[PDB]
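Novice: First the structure, then my questions, so here it is.
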Amino acid sequence: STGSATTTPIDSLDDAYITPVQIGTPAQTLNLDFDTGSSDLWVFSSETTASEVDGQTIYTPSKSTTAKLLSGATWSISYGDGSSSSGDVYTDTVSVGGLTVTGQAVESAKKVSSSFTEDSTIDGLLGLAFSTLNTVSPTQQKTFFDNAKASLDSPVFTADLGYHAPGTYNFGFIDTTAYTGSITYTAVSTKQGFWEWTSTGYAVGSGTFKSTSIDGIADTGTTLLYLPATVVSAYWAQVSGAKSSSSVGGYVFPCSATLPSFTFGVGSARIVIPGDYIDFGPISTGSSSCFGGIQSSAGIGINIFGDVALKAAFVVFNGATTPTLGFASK
Ligand SMILES: NCCOc1ccccc1
Numbered sequence: 003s004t005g006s007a008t009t010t011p012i013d014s015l016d017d018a019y020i021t022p023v024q025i026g027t028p029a030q031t032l033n034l035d036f037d038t039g040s041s042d043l044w045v046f047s048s049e050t051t052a053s054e055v056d057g058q059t060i061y062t063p064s065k066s067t068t069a070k071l072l073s074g075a076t077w078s079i080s081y082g083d084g085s086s087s088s089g090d091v092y093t094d095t096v097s098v099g100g101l102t103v104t105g106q107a108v109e110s111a112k113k114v115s116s117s118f119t120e121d122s123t124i125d126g127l128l129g130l131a132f133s134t135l136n137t138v139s140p141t142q143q144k145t146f147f148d149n150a151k152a153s154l155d156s157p158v159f160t161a162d163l164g165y166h167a168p169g170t171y172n173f174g175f176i177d178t179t180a181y182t183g184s185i186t187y188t189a190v191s192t193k194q195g196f197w198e199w200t201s202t203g204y205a206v207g208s209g210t211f212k213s214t215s216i217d218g219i220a221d222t223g224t225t226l227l228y229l230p231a232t233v234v235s236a237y238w239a240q241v242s243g244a245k246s247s248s249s250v251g252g253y254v255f256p257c258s259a260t261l262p263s264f265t266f267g268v269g270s271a272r273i274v275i276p277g278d279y280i281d282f283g284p285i286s287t288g289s290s291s292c293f294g295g296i297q298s299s300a301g302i303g304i305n306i307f308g309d310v311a312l313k314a315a316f317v318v319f320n321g322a323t324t325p326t327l328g329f330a331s332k
């Protein structure tokens, strides 16, 4: 089997991407944030504290003839940005782009933090990291991809995120029309539960490529590119007036600037992030200070190849017995 679904930016900045997902019988369609950095499929629901729902579409398990309470199971997750959610668990039929999994754990939120309440466009998250990170207790649950994998034509999914435009998540096949050149594959460590790999270096603009190993994660659920402070300083040094602002929380730059590109290495191959992808617009409405799309990972404990980086590539998440990642230009 295969599936193919379009993913759409939630706003003009590509802050996140939402993908429609069919849950239950008859189908209830919710727009979920596919997150290769976590491993829980959770949704706003009829159980979510009413004051914490503000415009999201909810899953109502009592209206699904295939929903079953997973008795005794609870979940609670805290994300790197400080957001969180928690609740109980149902199993139900879940379909993405024509690919159906029966008995998928659908984690129903009883509580969500303010950042989720405020994002009326995100009805929940669909985790695509390794199932070892799933938070369901006392019986850990499998991701949608883990449950689908044996049925898929090939045990892979691909992320093709758009810049200020829709893109695609495919399951079970590689669309050879969706990228240019060849796909370069690189090793993955699953020891932390992430799609963790090592980039071979970077360049700023037209500058020379610096060969240096950068361990980080391919994370569709993180907006920006978070890299070591040395690398980030070298980038922003090429932008007149750019500075790290403690009050804003990262590097800012004059909105009048033209940003240089940023290149990252995948083996001997190179992925070029155009400068415009690094512009996240005014820090507040009407400001002439703009927020940068490349930020330091120093306070995080891991480097994160988030959407800023991934949207410059066609990315293969290869879930074979030894997982790997593939990157192609597009
Ligand atoms: N990276 C996992 C958490 O992602 C989000 C997405 C939207 C709001 C808050 C957190």
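In our numbering, the protein residues as written are 3 to 332. Beta carbons are placed, not taken as given, at the ideal position from N, Cα and C, and that holds for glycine.
1) Among the residues of its own chain, which have a CB less than 8 Å from the CB of residue 79, if the five just before and after it don't count?
2) Between residue 124 and ligand 1, is the CB less than 7 Å from at least one heavy atom?
3) Hey, could you find the ends of the alpha helix (DSSP H) residue 232 is sitting in?
4) Do residue 327 and residue 316 have their C-beta atoms within less than 8 Å of each other?
5) For residue 154, which residues in the same chain have their Cβ closer than 7 Å to its Cβ, ignoring the five residues on either side in sequence?
6) Out of curiosity, what's the CA-to-CA distance linking residue 279 and residue 96?
7) Quick check: the Cα distance between residue 30 and residue 219, rounded to an integer number of angstroms?
8) Can you check the region 299-327 for any alpha helix (DSSP H) of at least 4 residues that lies completely inside it and give the ranges in chain order?
9) I need the straight-line Cα distance from residue 254 to residue 72, nearest angstrom please.
10) Can you tell me the Cα-Cα spacing of residue 236 and residue 296, whole angstroms?
11) Specify the secondary structure class of residue 277 as computed by DSSP and reduced to three states.
12) For residue 113, tell me which candidate among 166, 148, 59 and 53 has the shortest Cα-Cα distance.
13) What does a CB cutoff of less than 6 Å around residue 142 pick up in its chain, not counting 5 residues either side in sequence?
14) Give the range of the beta strand (DSSP E) segment to which residue 90 is assigned.
15) What is the DSSP secondary structure of residue 107, counted as helix, strand or coil?
16) By Cβ distance below 8 Å, which residues in the same chain neighbour residue 156 in space, the five residues on each side in sequence not counted?
17) Who's in the neighbourhood of ligand 1, going by beta-carbon under 7 Å from any heavy atom, listed in chain order?
Specialist: Taking the definition as stated:
1) Translated into the one-based positions of the sequence shown, residue 79 becomes position 77. In its chain, beyond the 5 residues on either side, 40, 42, 44, 86, 87, 88 and 137 have a beta carbon closer than 8 Å to the beta carbon of residue 79.
2) Within the sequence shown, the letter at position 122 stands for residue 124. Yes.
3) If you number the sequence shown from 1, residue 232 lands on position 230. Residue 232 -> alpha helix (DSSP H) spans 231-238.
4) Counted from its first residue, the sequence shown places residue 327 at position 325. Counted from its first residue, the sequence shown places residue 316 at position 314. No, these two residues do not count as a Cβ contact at 8 Å.
5) Here residue 154 corresponds to residue number 152 of the sequence shown, with the count starting at 1. Contacts found: 3, 4, 173 and 174.
6) Position 277 of the sequence shown, counted from the first residue, corresponds to residue 279. Position 94 of the sequence shown, counted from the first residue, corresponds to residue 96. Take the alpha-carbon of residue 279 and the one of residue 96: they are about 33 Å apart.
7) Counting from one through the sequence shown, the residue named residue 30 turns up at place 28. Counting from one through the sequence shown, the residue named residue 219 turns up at place 217. One C-alpha to the other measures close to 32 Å.
8) Whole alpha helix (DSSP H) segments, 4+ residues: 309-312.
9) Within the sequence shown, numbered from 1, the residue matching residue 254 stands at position 252. Within the sequence shown, numbered from 1, the residue matching residue 72 stands at position 70. Residue 254 and residue 72 have their C-alpha atoms spaced approximately 47 Å apart.
10) Numbered from 1 along the sequence shown, position 234 holds the residue referred to as residue 236. Numbered from 1 along the sequence shown, position 294 holds the residue referred to as residue 296. C-alpha separation (whole angstroms): 11 Å.
11) Residue numbering aside, residue 277 sits at position 275 when the sequence shown is read from its first letter. Helix, per DSSP.
12) Position 111 of the sequence shown, counting from 1, holds the residue named residue 113. Comparing Cα positions, the closest option is 53.
13) By 1-based counting over the sequence shown, the position of residue 142 is 140. Excluding sequence positions up to five before and after residue 142, its CB lies within less than 6 Å of the CB of 136, all in the same chain and listed in chain order.
14) As a first step, residue 90 is located in the sequence shown; it is residue number 88 there, counting from the start. Counting along the chain, the beta strand (DSSP E) containing residue 90 begins and ends at 86-98.
15) Along the sequence shown, one-based indexing puts residue 107 at 105. In the structure shown, residue 107 sits in a strand (DSSP, three-state: E or B).
16) By one-based count along the sequence shown, residue 156 stands at place 154. These residues qualify, in order along the chain: 174, 175 and 176.
17) Applying a distance threshold of 7 Å between residue Cβ atoms and the heavy atoms of ligand 1 selects 18, 35, 37, 39, 40, 81, 82, 83, 85, 117, 118, 121, 124, 127, 221, 223 and 224, given in chain order.
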